[PDB]
Amino acid sequence: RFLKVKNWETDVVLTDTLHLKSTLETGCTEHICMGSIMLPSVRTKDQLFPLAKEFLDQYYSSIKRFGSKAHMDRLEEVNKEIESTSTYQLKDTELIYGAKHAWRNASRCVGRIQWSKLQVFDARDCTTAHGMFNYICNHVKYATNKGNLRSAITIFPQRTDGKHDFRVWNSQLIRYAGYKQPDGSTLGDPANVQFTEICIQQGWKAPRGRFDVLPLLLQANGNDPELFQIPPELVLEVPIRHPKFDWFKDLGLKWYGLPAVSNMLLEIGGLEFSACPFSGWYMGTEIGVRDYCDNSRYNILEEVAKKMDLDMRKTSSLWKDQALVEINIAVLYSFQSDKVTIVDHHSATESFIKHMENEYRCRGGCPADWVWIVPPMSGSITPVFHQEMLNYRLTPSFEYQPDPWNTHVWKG
Amino acid sequence: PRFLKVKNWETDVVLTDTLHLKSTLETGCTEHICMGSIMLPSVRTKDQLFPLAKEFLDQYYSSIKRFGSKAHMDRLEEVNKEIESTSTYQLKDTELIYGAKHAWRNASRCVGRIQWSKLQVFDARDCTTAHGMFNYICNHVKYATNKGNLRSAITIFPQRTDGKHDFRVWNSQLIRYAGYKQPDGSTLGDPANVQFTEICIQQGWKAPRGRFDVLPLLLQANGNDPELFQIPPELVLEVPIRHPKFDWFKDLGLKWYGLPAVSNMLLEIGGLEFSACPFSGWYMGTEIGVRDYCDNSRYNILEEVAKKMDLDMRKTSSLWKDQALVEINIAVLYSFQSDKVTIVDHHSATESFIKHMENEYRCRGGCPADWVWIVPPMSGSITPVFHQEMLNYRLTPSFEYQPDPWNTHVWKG
Ligand code: HEM
Ligand code: HEM
Ligand SMILES: C[C@H](O)[C@H](O)[C@H]1CNc2nc(N)[nH]c(=O)c2N1
Ligand SMILES: C[C@H](O)[C@H](O)[C@H]1CNc2nc(N)[nH]c(=O)c2N1
Ligand SMILES: N=C(NO)NCCC[C@H](N)C(=O)O
Ligand SMILES: N=C(NO)NCCC[C@H](N)C(=O)O
Ligand SMILES: [Zn+2]
């Protein structure tokens, strides 16, 4: 019930008490660990007040006014409001604190050393999809910042009766399209094939290239979603070259500078924010290892290996591994040279370790999902590989949610 | 949850696990905490032993298609009387073989399990002394090494009785290199074995004090104080490490042993506890080239290799570490293959494991696996295992951790 975590390179041991404040289930039971499962599985008035109270208590505790008249007044006010209006509204301060802490609590995010510097854009006054498009352009421009990226979240109106949800249908603000071809193959990004079909279905005139920035498909107030194209001038892209291989540029590879997860649900004080796109900056392996080398993504390893002239007749030459490293040298070098913020996995993981220690010291723990935190290349040469971690759910939190095309009731 | 789906995210293959229902002990996980990445998480009375014996013999008799037979029922009766009467019981030879193979089959951290049915079991339960253990252990090493054509094997010494007569191999592996902490605070040899090296020296080992000294065996029989033995050098197969392109690599002075033989685990079969049960297969290359060589707390050669490669070591963003890691691993696989010592690369190993795993779902209803351990410590997502959801749970028979015996041993003098 007070749990210890050990680092096996440094022999440092930290003691976790924060996990006792953990709310929802993990997936795992006593007889079965589901640690490697990616997805392991509206609120009534009575459901909402304990949640609201739980949140408000931590808010007022953070500003050193726990048990104050200010605290008791707010709790009563919110209580009155849920009783009468079946939901409630957060003050701006509570929204900002909640969104920062959702990030602070995000156990799969290696970038949390930065958690308190989040720029929060309150888009709760938004009513239409054009409003949504304007908010998002402003977010994209604020966050990109000419290549000197800055973290931000834009929060649209909270779910009410579940029939007036705001959603961004995209999985990220900026992603490339995918097209299934007549020769069975895939052009562009296979991750996005379905969402691209939905765009075309809804009107999008697809260019049918490899790196087509997808349009935004935005749903306001439960209405049917509408398409909008992000101003091209707002989408910073980086062309991929290698400092030593002149032929690399001829692979014709680019990637975008701004990672902006847009399909998650932000839960604060029981309230549910279904449209809450957020952005930081890339760790290099995200692009070089996963986006480029997953067999089900752009799957370029063989192409690169061939051009490096590696011995590909046997796995034990480690040609896959040699290519992977060079692909990742190229990503990093390309971003650095264009002056676009990017972090390498060594620097990223060392910062997370420093953050874990800070968090253990000042908060009594840090929920972390080892499976996600350890990079997909060179695991054991990063310090996080050697670090025991405890994954648990704290609120406020970011949550996965059903893709909306599986759920939406098309009015037409 | 009589049915649990796991998905592969590359192929969309979904497999259904029913085997977890037969899961015995626990994981250290509760409903509100996942300790997936914790390395060591949280004598038997008659009461406790007969169900464990029954459970196991039901499994054994079921596997040989004689469940419920007179032979099955007679054996249950015979074991039951033996426990009641003597407090323990003895496994038949066939049952011990079945048990040992099944502990391997069930070992959730082992990527080598496609081979589980081919284990050579050496029955050492007639052993009474440490010199006896040394002889058995020598025979295991020679059989398993097989001049470089490695064969999986396990040697099983007598089981625990009262906890005061345990057989233990104090070595963590049968073959490992000594580590020596210097006065200036550096380490010569393998830092993982400093404590054990010190114990050996205390017991009378004359340490050559080099970087790659094969440790002596420290063997406890029947609860007695352990005794030292040198494994005959002729039986210890080693491989000097060189690179197919970099001729300066050999001058790093690197070598490694060919036989990985874990000697400090406990084998549980039918409730019985076998505290000395060394086993050996063959290396996956990343064990040596990523962990043994490049862990900071091991030989830590990454810098020296990168300097000699003249990589840009000013900025981690050159990925010099990653570049060196790969060349070192090329060198390990090259060196073993050239000398004809069995070794498997992490692509082949992981591809084979996914096949093994799918086959186990279909024929067994499951395959417990620990993703944290199965995914290799380099190039993770370019191996198929990374993309595979895995369920970790404990089946018996099993291999278990046990405390180091210097921590528990009652010295006779
Ligand atoms: C500022 C620099 C940031 C860095 C370097 C970073 C890094 C990462 C990485 C590498 C992942 C794993 C991504 C993947 O494998 O797809 C991740 C996941 C995640 N991050 Fe961050 N991140 C940053 C900013 C943020 C921000 C601003 C938020 C929220 C406000 C956030 C919340 C999350 C969440 C909820 C996940 C899980 C995503 C999922 O399950 O798909 N991160 N982060
Ligand atoms: C035959 C070829 C084999 C291969 C390629 C193989 C591969 C591996 C690897 C790479 C590990 C991780 C080791 C580490 O990180 O230290 C491992 C762990 C393990 N293996 Fe195997 N293995 C083989 C044979 C065996 C045998 C014969 C047994 C038992 C009879 C076995 C049982 C285990 C167990 C219990 C672990 C976990 C060890 C621990 O917890 O420290 N393996 N295996
Ligand atoms: C803390 C973490 O569990 C630890 O470093 C684990 C990671 N995964 C592992 N995987 C293998 N195969 N061997 C190990 O020693 C480790 N150690
Ligand atoms: C099956 C396994 O959960 C899956 O492939 C996970 C592994 N760890 C991950 N880690 C990160 N950061 N991102 C991912 O998408 C994955 N996917
Ligand atoms: N660093 C971040 N967020 O700030 N990553 C978000 C997920 C991005 C996704 N992994 C990609 O490679 O496109
Ligand atoms: N492949 C096996 N056994 O067959 N490994 C046993 C553990 C060896 C340990 N990882 C080492 O690098 O020495
Ligand atoms: Zn778990």
# chains A, B, ... in the order shown; residues from 1 in each chain; ligands from 1
>>> residues_near_ligand(ligand="ligand 1", cutoff="8 Å", atoms="only C-alpha atoms and all ligand atoms", output="PyMOL selection string")
chain A and resi 99-100+102-103+106-112+114-115+118+150-153+261+264+278-283+285-286+342-343+348+372-373+375+397-400
>>> write_last_selection(atoms="N, CA, C and O atoms", output="short mmCIF file (atom, residue, chain, number, x, y, z; two decimals), in the first residue's frame")
data_model
loop_
_atom_site.label_atom_id
_atom_site.label_comp_id
_atom_site.auth_asym_id
_atom_site.auth_seq_id
_atom_site.Cartn_x
_atom_site.Cartn_y
_atom_site.Cartn_z
N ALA A 99 -6.66 21.24 -17.02
CA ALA A 99 -6.05 20.81 -18.28
C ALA A 99 -4.55 20.52 -18.09
O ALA A 99 -4.01 19.54 -18.62
N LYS A 100 -3.89 21.35 -17.30
CA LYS A 100 -2.49 21.13 -16.98
C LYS A 100 -2.29 19.80 -16.27
O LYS A 100 -1.31 19.09 -16.50
N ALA A 102 -4.40 17.18 -16.30
CA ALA A 102 -4.71 16.07 -17.19
C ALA A 102 -3.41 15.64 -17.85
O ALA A 102 -3.14 14.45 -17.97
N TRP A 103 -2.60 16.62 -18.26
CA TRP A 103 -1.32 16.34 -18.91
C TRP A 103 -0.37 15.77 -17.87
O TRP A 103 0.26 14.73 -18.08
N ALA A 106 -0.94 12.19 -17.46
CA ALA A 106 -0.98 11.34 -18.64
C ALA A 106 0.20 10.34 -18.63
O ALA A 106 1.33 10.65 -19.00
N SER A 107 -0.09 9.12 -18.21
CA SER A 107 0.97 8.12 -17.93
C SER A 107 1.75 7.63 -19.17
O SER A 107 2.84 7.10 -19.05
N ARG A 108 1.20 7.84 -20.36
CA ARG A 108 1.86 7.45 -21.61
C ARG A 108 2.73 8.56 -22.23
O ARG A 108 3.35 8.34 -23.27
N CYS A 109 2.78 9.74 -21.60
CA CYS A 109 3.49 10.88 -22.18
C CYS A 109 4.86 11.08 -21.55
O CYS A 109 4.98 11.30 -20.35
N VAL A 110 5.89 11.01 -22.37
CA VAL A 110 7.26 11.21 -21.91
C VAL A 110 7.61 12.70 -21.76
O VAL A 110 8.58 13.05 -21.11
N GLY A 111 6.80 13.58 -22.35
CA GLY A 111 7.07 15.00 -22.37
C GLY A 111 6.57 15.81 -21.18
O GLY A 111 6.52 17.03 -21.23
N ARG A 112 6.20 15.15 -20.09
CA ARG A 112 5.53 15.85 -18.99
C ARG A 112 6.37 16.78 -18.10
O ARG A 112 5.81 17.52 -17.30
N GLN A 114 7.43 19.43 -18.93
CA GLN A 114 6.87 20.71 -19.37
C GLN A 114 5.42 20.99 -18.91
O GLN A 114 4.84 22.00 -19.30
N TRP A 115 4.82 20.10 -18.11
CA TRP A 115 3.36 20.12 -17.91
C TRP A 115 2.78 21.48 -17.50
O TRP A 115 1.72 21.85 -17.96
N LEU A 118 1.77 24.75 -20.20
CA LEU A 118 0.74 24.60 -21.22
C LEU A 118 -0.03 25.89 -21.44
O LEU A 118 -0.46 26.50 -20.48
N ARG A 150 5.38 25.65 -29.21
CA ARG A 150 4.92 25.87 -27.84
C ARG A 150 3.69 25.01 -27.57
O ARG A 150 2.78 24.96 -28.37
N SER A 151 3.67 24.37 -26.41
CA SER A 151 2.54 23.53 -26.03
C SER A 151 1.24 24.32 -25.85
O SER A 151 1.24 25.42 -25.32
N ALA A 152 0.14 23.73 -26.30
CA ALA A 152 -1.17 24.33 -26.18
C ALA A 152 -2.31 23.32 -26.29
O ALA A 152 -2.15 22.23 -26.86
N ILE A 153 -3.45 23.69 -25.71
CA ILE A 153 -4.67 22.92 -25.80
C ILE A 153 -5.77 23.94 -26.05
O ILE A 153 -5.68 25.08 -25.56
N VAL A 261 -2.59 15.80 -31.21
CA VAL A 261 -3.61 14.80 -30.96
C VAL A 261 -4.96 15.46 -30.75
O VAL A 261 -5.10 16.38 -29.93
N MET A 264 -8.94 12.85 -28.44
CA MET A 264 -9.13 12.42 -27.07
C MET A 264 -10.19 13.21 -26.36
O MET A 264 -10.67 14.25 -26.87
N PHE A 278 -4.72 18.99 -28.53
CA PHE A 278 -3.53 19.51 -27.86
C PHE A 278 -2.29 19.24 -28.68
O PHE A 278 -2.26 18.32 -29.51
N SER A 279 -1.26 20.04 -28.44
CA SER A 279 -0.04 19.89 -29.18
C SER A 279 1.20 20.18 -28.36
O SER A 279 1.17 21.01 -27.43
N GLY A 280 2.27 19.48 -28.71
CA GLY A 280 3.57 19.70 -28.11
C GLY A 280 4.63 19.85 -29.19
O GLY A 280 4.58 20.75 -30.01
N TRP A 281 5.61 18.97 -29.15
CA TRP A 281 6.54 18.84 -30.26
C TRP A 281 7.00 17.39 -30.30
O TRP A 281 6.93 16.68 -29.31
N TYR A 282 7.46 16.96 -31.47
CA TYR A 282 7.81 15.56 -31.69
C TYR A 282 9.07 15.09 -30.94
O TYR A 282 10.05 15.85 -30.77
N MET A 283 9.05 13.83 -30.52
CA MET A 283 10.29 13.09 -30.25
C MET A 283 10.64 12.38 -31.55
O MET A 283 9.75 11.84 -32.20
N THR A 285 11.88 9.60 -32.75
CA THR A 285 11.47 8.22 -32.98
C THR A 285 10.00 8.10 -33.39
O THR A 285 9.63 7.16 -34.07
N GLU A 286 9.16 9.05 -32.98
CA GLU A 286 7.76 8.97 -33.38
C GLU A 286 7.65 8.91 -34.89
O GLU A 286 6.87 8.12 -35.43
N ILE A 342 12.30 19.68 -32.10
CA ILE A 342 12.22 18.22 -32.11
C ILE A 342 13.08 17.79 -30.93
O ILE A 342 13.97 18.52 -30.54
N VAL A 343 12.78 16.65 -30.30
CA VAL A 343 13.62 16.19 -29.21
C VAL A 343 14.06 14.74 -29.53
O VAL A 343 13.25 13.93 -29.99
N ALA A 348 14.92 13.23 -24.39
CA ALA A 348 13.55 13.09 -23.91
C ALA A 348 13.44 12.20 -22.65
O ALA A 348 12.83 12.57 -21.66
N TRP A 372 4.84 2.45 -22.99
CA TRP A 372 4.73 3.58 -23.90
C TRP A 372 5.91 4.55 -23.75
O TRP A 372 6.29 5.23 -24.71
N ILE A 373 6.51 4.58 -22.56
CA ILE A 373 7.53 5.56 -22.24
C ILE A 373 8.87 5.17 -22.84
O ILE A 373 9.61 6.03 -23.30
N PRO A 375 11.27 4.21 -25.58
CA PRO A 375 11.21 4.43 -27.05
C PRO A 375 11.24 3.10 -27.81
O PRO A 375 11.76 2.13 -27.28
N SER A 397 -8.06 13.82 -16.40
CA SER A 397 -7.36 12.94 -17.33
C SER A 397 -7.79 13.08 -18.77
O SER A 397 -8.90 13.50 -19.07
N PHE A 398 -6.89 12.67 -19.65
CA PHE A 398 -7.17 12.43 -21.06
C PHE A 398 -7.53 10.96 -21.31
O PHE A 398 -6.88 10.04 -20.83
N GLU A 399 -8.58 10.74 -22.07
CA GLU A 399 -9.15 9.42 -22.21
C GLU A 399 -9.34 9.18 -23.70
O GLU A 399 -9.51 10.13 -24.47
N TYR A 400 -9.30 7.92 -24.12
CA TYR A 400 -9.69 7.58 -25.48
C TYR A 400 -11.22 7.61 -25.61
O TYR A 400 -11.93 7.54 -24.61
#
>>> interface_residues(of="chain A", to="chain B", cutoff="6 Å", atoms="only C-alpha atoms", output="mmCIF file with N, CA and C atoms, in the first residue's frame")
data_model
loop_
_atom_site.group_PDB
_atom_site.id
_atom_site.type_symbol
_atom_site.label_atom_id
_atom_site.label_comp_id
_atom_site.auth_asym_id
_atom_site.auth_seq_id
_atom_site.Cartn_x
_atom_site.Cartn_y
_atom_site.Cartn_z
ATOM 1 N N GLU A 9 19.858 0.720 -12.900
ATOM 2 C CA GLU A 9 21.193 1.183 -13.247
ATOM 3 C C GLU A 9 21.756 2.013 -12.096
ATOM 4 N N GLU A 25 -10.415 1.762 -12.879
ATOM 5 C CA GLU A 25 -9.674 0.511 -12.977
ATOM 6 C C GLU A 25 -8.543 0.614 -14.017
ATOM 7 N N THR A 26 -7.621 -0.355 -13.996
ATOM 8 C CA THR A 26 -6.420 -0.359 -14.857
ATOM 9 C C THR A 26 -6.524 -1.283 -16.083
ATOM 10 N N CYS A 28 -5.906 -4.592 -15.592
ATOM 11 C CA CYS A 28 -5.344 -5.735 -14.877
ATOM 12 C C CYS A 28 -6.196 -6.177 -13.681
ATOM 13 N N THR A 29 -6.211 -7.484 -13.406
ATOM 14 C CA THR A 29 -6.729 -8.014 -12.134
ATOM 15 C C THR A 29 -5.582 -8.653 -11.329
ATOM 16 N N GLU A 30 -5.917 -9.367 -10.255
ATOM 17 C CA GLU A 30 -4.923 -10.073 -9.443
ATOM 18 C C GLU A 30 -4.239 -11.192 -10.240
ATOM 19 N N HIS A 31 -5.034 -11.922 -11.018
ATOM 20 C CA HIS A 31 -4.549 -13.079 -11.767
ATOM 21 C C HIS A 31 -4.041 -12.783 -13.195
ATOM 22 N N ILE A 32 -4.094 -11.524 -13.642
ATOM 23 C CA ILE A 32 -3.745 -11.196 -15.041
ATOM 24 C C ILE A 32 -3.279 -9.749 -15.311
ATOM 25 N N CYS A 33 -2.047 -9.604 -15.804
ATOM 26 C CA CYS A 33 -1.500 -8.297 -16.187
ATOM 27 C C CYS A 33 -1.757 -7.978 -17.652
ATOM 28 N N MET A 34 -2.459 -6.866 -17.863
ATOM 29 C CA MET A 34 -2.837 -6.397 -19.187
ATOM 30 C C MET A 34 -2.031 -5.153 -19.561
ATOM 31 N N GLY A 35 -0.804 -5.066 -19.051
ATOM 32 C CA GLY A 35 0.009 -3.865 -19.184
ATOM 33 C C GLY A 35 0.312 -3.440 -20.612
ATOM 34 N N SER A 36 0.339 -4.422 -21.517
ATOM 35 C CA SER A 36 0.670 -4.208 -22.930
ATOM 36 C C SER A 36 -0.546 -4.076 -23.861
ATOM 37 N N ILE A 37 -1.761 -4.160 -23.305
ATOM 38 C CA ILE A 37 -3.010 -3.945 -24.060
ATOM 39 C C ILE A 37 -3.246 -2.434 -24.307
ATOM 40 N N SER A 296 2.959 -1.361 -41.233
ATOM 41 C CA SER A 296 1.633 -0.834 -41.553
ATOM 42 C C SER A 296 1.573 0.697 -41.693
ATOM 43 N N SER A 316 20.492 -11.452 -39.686
ATOM 44 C CA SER A 316 21.577 -11.308 -38.715
ATOM 45 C C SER A 316 22.685 -10.325 -39.117
ATOM 46 N N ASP A 344 15.329 14.409 -29.328
ATOM 47 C CA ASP A 344 15.764 13.015 -29.539
ATOM 48 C C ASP A 344 15.401 12.181 -28.331
ATOM 49 N N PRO A 376 10.694 3.080 -29.036
ATOM 50 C CA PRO A 376 10.649 1.918 -29.927
ATOM 51 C C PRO A 376 11.983 1.609 -30.594
ATOM 52 N N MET A 377 13.029 2.395 -30.320
ATOM 53 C CA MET A 377 14.405 2.003 -30.685
ATOM 54 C C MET A 377 15.361 2.200 -29.496
ATOM 55 N N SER A 378 16.411 1.380 -29.420
ATOM 56 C CA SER A 378 17.463 1.540 -28.402
ATOM 57 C C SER A 378 16.962 1.597 -26.963
ATOM 58 N N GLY A 379 15.894 0.864 -26.687
ATOM 59 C CA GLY A 379 15.286 0.858 -25.370
ATOM 60 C C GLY A 379 16.268 0.918 -24.200
ATOM 61 N N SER A 380 17.145 -0.084 -24.087
ATOM 62 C CA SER A 380 17.967 -0.235 -22.888
ATOM 63 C C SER A 380 19.131 0.762 -22.809
ATOM 64 N N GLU A 388 11.723 1.085 -13.033
ATOM 65 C CA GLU A 388 10.391 0.599 -12.662
ATOM 66 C C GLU A 388 9.398 1.749 -12.572
ATOM 67 N N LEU A 390 4.998 2.724 -12.094
ATOM 68 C CA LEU A 390 3.660 2.310 -11.702
ATOM 69 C C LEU A 390 2.667 3.097 -12.548
ATOM 70 N N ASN A 391 1.855 2.371 -13.314
ATOM 71 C CA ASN A 391 0.766 2.928 -14.110
ATOM 72 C C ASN A 391 -0.512 2.877 -13.303
ATOM 73 N N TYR A 392 -1.100 4.043 -13.075
ATOM 74 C CA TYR A 392 -2.425 4.152 -12.491
ATOM 75 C C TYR A 392 -3.117 5.382 -13.078
#
>>> residues_around(residues="residue 208 in chain A", least_positions_apart="2", cutoff="8 Å", atoms="only C-alpha atoms", output="PyMOL selection string")
chain A and resi 179+187+206+210+212
>>> atom_distance(atom1="CA of residue 257 in chain A", atom2="CA of residue 139 in chain A")
13.8 Å
>>> residues_near_ligand(ligand="ligand 6", cutoff="10 Å", atoms="only C-alpha atoms and all ligand atoms", output="PyMOL selection string")
chain B and resi 110-113+150-153+172-173+175-177+256-263+279-293+343-344
>>> write_last_selection(atoms="N, CA and C atoms", output="short mmCIF file (atom, residue, chain, number, x, y, z; two decimals), in the first residue's frame")
data_model
loop_
_atom_site.label_atom_id
_atom_site.label_comp_id
_atom_site.auth_asym_id
_atom_site.auth_seq_id
_atom_site.Cartn_x
_atom_site.Cartn_y
_atom_site.Cartn_z
N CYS B 110 10.42 -15.65 -21.23
CA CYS B 110 11.32 -16.34 -22.17
C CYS B 110 10.80 -16.29 -23.60
N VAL B 111 11.61 -15.69 -24.48
CA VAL B 111 11.29 -15.57 -25.92
C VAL B 111 11.70 -16.84 -26.69
N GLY B 112 12.44 -17.73 -26.02
CA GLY B 112 12.93 -18.96 -26.63
C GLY B 112 12.01 -20.18 -26.59
N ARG B 113 10.75 -20.00 -26.25
CA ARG B 113 9.88 -21.15 -25.93
C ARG B 113 9.39 -22.04 -27.09
N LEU B 150 24.77 -25.95 -29.78
CA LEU B 150 24.18 -25.96 -28.43
C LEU B 150 22.86 -26.72 -28.32
N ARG B 151 22.65 -27.39 -27.18
CA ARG B 151 21.43 -28.14 -26.90
C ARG B 151 20.85 -27.71 -25.55
N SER B 152 19.56 -27.41 -25.51
CA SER B 152 18.90 -27.02 -24.28
C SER B 152 18.92 -28.16 -23.27
N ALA B 153 19.16 -27.85 -22.01
CA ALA B 153 19.20 -28.86 -20.97
C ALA B 153 18.92 -28.25 -19.61
N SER B 172 24.94 -17.32 -10.09
CA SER B 172 23.72 -16.88 -10.74
C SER B 172 23.66 -17.49 -12.16
N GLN B 173 24.79 -17.67 -12.83
CA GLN B 173 24.83 -18.56 -13.99
C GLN B 173 25.99 -19.53 -13.83
N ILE B 175 28.30 -20.28 -15.86
CA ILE B 175 29.45 -19.61 -16.44
C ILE B 175 29.17 -18.13 -16.47
N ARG B 176 29.99 -17.38 -15.73
CA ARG B 176 29.92 -15.93 -15.68
C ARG B 176 31.30 -15.36 -15.36
N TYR B 177 31.51 -14.08 -15.65
CA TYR B 177 32.80 -13.46 -15.41
C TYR B 177 32.86 -12.72 -14.10
N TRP B 256 33.16 -13.37 -25.17
CA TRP B 256 32.10 -13.85 -24.29
C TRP B 256 31.99 -15.37 -24.28
N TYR B 257 31.31 -15.92 -23.27
CA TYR B 257 31.10 -17.37 -23.22
C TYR B 257 29.89 -17.77 -24.08
N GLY B 258 29.92 -18.99 -24.61
CA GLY B 258 28.86 -19.46 -25.47
C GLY B 258 27.61 -20.01 -24.80
N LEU B 259 27.74 -20.47 -23.56
CA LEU B 259 26.61 -21.14 -22.86
C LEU B 259 26.00 -20.29 -21.75
N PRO B 260 24.81 -19.74 -22.02
CA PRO B 260 24.06 -19.01 -21.00
C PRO B 260 23.29 -20.06 -20.19
N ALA B 261 23.56 -20.12 -18.89
CA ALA B 261 23.01 -21.18 -18.06
C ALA B 261 22.54 -20.67 -16.70
N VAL B 262 21.30 -20.20 -16.63
CA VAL B 262 20.75 -19.64 -15.38
C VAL B 262 20.69 -20.70 -14.28
N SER B 263 21.30 -20.42 -13.13
CA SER B 263 21.51 -21.43 -12.10
C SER B 263 20.87 -21.08 -10.73
N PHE B 279 19.69 -24.44 -15.88
CA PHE B 279 19.23 -24.69 -17.25
C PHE B 279 19.95 -23.77 -18.23
N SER B 280 20.01 -24.20 -19.47
CA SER B 280 20.79 -23.52 -20.47
C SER B 280 20.15 -23.73 -21.84
N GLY B 281 20.17 -22.70 -22.66
CA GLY B 281 19.74 -22.83 -24.04
C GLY B 281 20.83 -22.30 -24.94
N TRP B 282 20.56 -21.20 -25.61
CA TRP B 282 21.60 -20.47 -26.31
C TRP B 282 21.27 -18.98 -26.38
N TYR B 283 22.27 -18.17 -26.63
CA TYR B 283 22.07 -16.74 -26.55
C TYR B 283 21.24 -16.19 -27.70
N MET B 284 20.43 -15.18 -27.36
CA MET B 284 19.97 -14.21 -28.34
C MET B 284 21.01 -13.08 -28.28
N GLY B 285 21.38 -12.53 -29.43
CA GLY B 285 22.58 -11.69 -29.50
C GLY B 285 22.53 -10.43 -28.67
N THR B 286 21.34 -9.81 -28.61
CA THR B 286 21.14 -8.61 -27.81
C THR B 286 21.40 -8.80 -26.30
N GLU B 287 21.29 -10.01 -25.79
CA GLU B 287 21.66 -10.24 -24.40
C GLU B 287 23.10 -9.82 -24.12
N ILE B 288 24.00 -10.25 -25.00
CA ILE B 288 25.41 -9.90 -24.89
C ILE B 288 25.69 -8.48 -25.38
N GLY B 289 25.32 -8.21 -26.64
CA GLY B 289 25.66 -6.96 -27.30
C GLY B 289 24.95 -5.67 -26.88
N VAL B 290 23.74 -5.79 -26.34
CA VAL B 290 23.02 -4.63 -25.81
C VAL B 290 23.21 -4.53 -24.29
N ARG B 291 22.83 -5.59 -23.57
CA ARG B 291 22.84 -5.55 -22.11
C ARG B 291 24.21 -5.81 -21.48
N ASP B 292 24.82 -6.95 -21.77
CA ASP B 292 26.05 -7.30 -21.10
C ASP B 292 27.14 -6.29 -21.48
N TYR B 293 27.21 -5.91 -22.75
CA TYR B 293 28.27 -5.00 -23.16
C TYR B 293 27.94 -3.53 -22.93
N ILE B 343 23.64 -19.11 -31.91
CA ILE B 343 23.24 -17.79 -31.44
C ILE B 343 22.08 -17.40 -32.34
N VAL B 344 21.14 -16.63 -31.81
CA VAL B 344 20.01 -16.23 -32.62
C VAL B 344 19.89 -14.72 -32.52
#
>>> select_by_dssp(residues="range 79-297 of chain A", states="strand (DSSP E or B)", output="NGL selection string")
:A and (119-122 or 152-155 or 167-168 or 172 or 176 or 178-180 or 186-188 or 213 or 216-219 or 226-228 or 237-239 or 254-256 or 261 or 265-268 or 271-273 or 278-279 or 283)
>>> write_last_selection(atoms="C-alpha atoms", output="short mmCIF file (atom, residue, chain, number, x, y, z; two decimals), in the first residue's frame")
data_model
loop_
_atom_site.label_atom_id
_atom_site.label_comp_id
_atom_site.auth_asym_id
_atom_site.auth_seq_id
_atom_site.Cartn_x
_atom_site.Cartn_y
_atom_site.Cartn_z
CA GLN A 119 -1.07 27.42 -23.03
CA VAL A 120 -4.80 26.88 -22.53
CA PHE A 121 -7.27 28.34 -25.04
CA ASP A 122 -10.79 28.46 -23.76
CA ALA A 152 -1.17 24.33 -26.18
CA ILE A 153 -4.67 22.92 -25.80
CA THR A 154 -7.93 24.38 -27.11
CA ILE A 155 -11.03 23.35 -25.17
CA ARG A 167 -15.77 16.59 -31.99
CA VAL A 168 -12.76 16.91 -34.23
CA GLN A 172 -4.55 14.70 -35.29
CA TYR A 176 -1.52 12.83 -44.32
CA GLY A 178 -4.36 7.28 -47.22
CA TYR A 179 -5.72 5.81 -50.46
CA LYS A 180 -6.35 2.10 -51.07
CA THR A 186 -1.65 1.83 -50.35
CA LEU A 187 -0.69 5.38 -51.30
CA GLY A 188 0.22 7.77 -48.48
CA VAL A 213 -2.49 17.17 -45.55
CA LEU A 216 -10.39 19.25 -40.87
CA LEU A 217 -13.74 17.62 -40.40
CA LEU A 218 -15.42 19.40 -37.52
CA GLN A 219 -18.64 18.64 -35.62
CA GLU A 226 -18.17 20.00 -42.04
CA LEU A 227 -14.89 20.13 -43.98
CA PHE A 228 -12.32 22.91 -43.86
CA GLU A 237 6.42 20.81 -43.09
CA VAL A 238 10.08 19.58 -43.01
CA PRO A 239 11.74 17.91 -46.04
CA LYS A 254 8.56 14.93 -45.65
CA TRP A 255 6.83 15.24 -42.33
CA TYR A 256 4.86 17.97 -40.53
CA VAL A 261 -3.61 14.80 -30.96
CA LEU A 265 -11.61 13.32 -24.35
CA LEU A 266 -10.54 15.57 -21.46
CA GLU A 267 -12.26 14.80 -18.14
CA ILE A 268 -12.21 17.52 -15.45
CA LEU A 271 -17.19 17.17 -16.95
CA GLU A 272 -16.39 15.72 -20.34
CA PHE A 273 -14.67 17.73 -23.06
CA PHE A 278 -3.53 19.51 -27.86
CA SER A 279 -0.04 19.89 -29.18
CA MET A 283 10.29 13.09 -30.25
#
>>> residues_around(residues="residue 353 in chain B", least_positions_apart="2", cutoff="7 Å", atoms="only C-alpha atoms", output="list in words")
residues 111, 112, 113, 114, 349, 350, 351, 355, 356 and 357 of chain B
>>> atom_distance(atom1="CA of residue 253 in chain A", atom2="CA of residue 144 in chain A")
20.4 Å
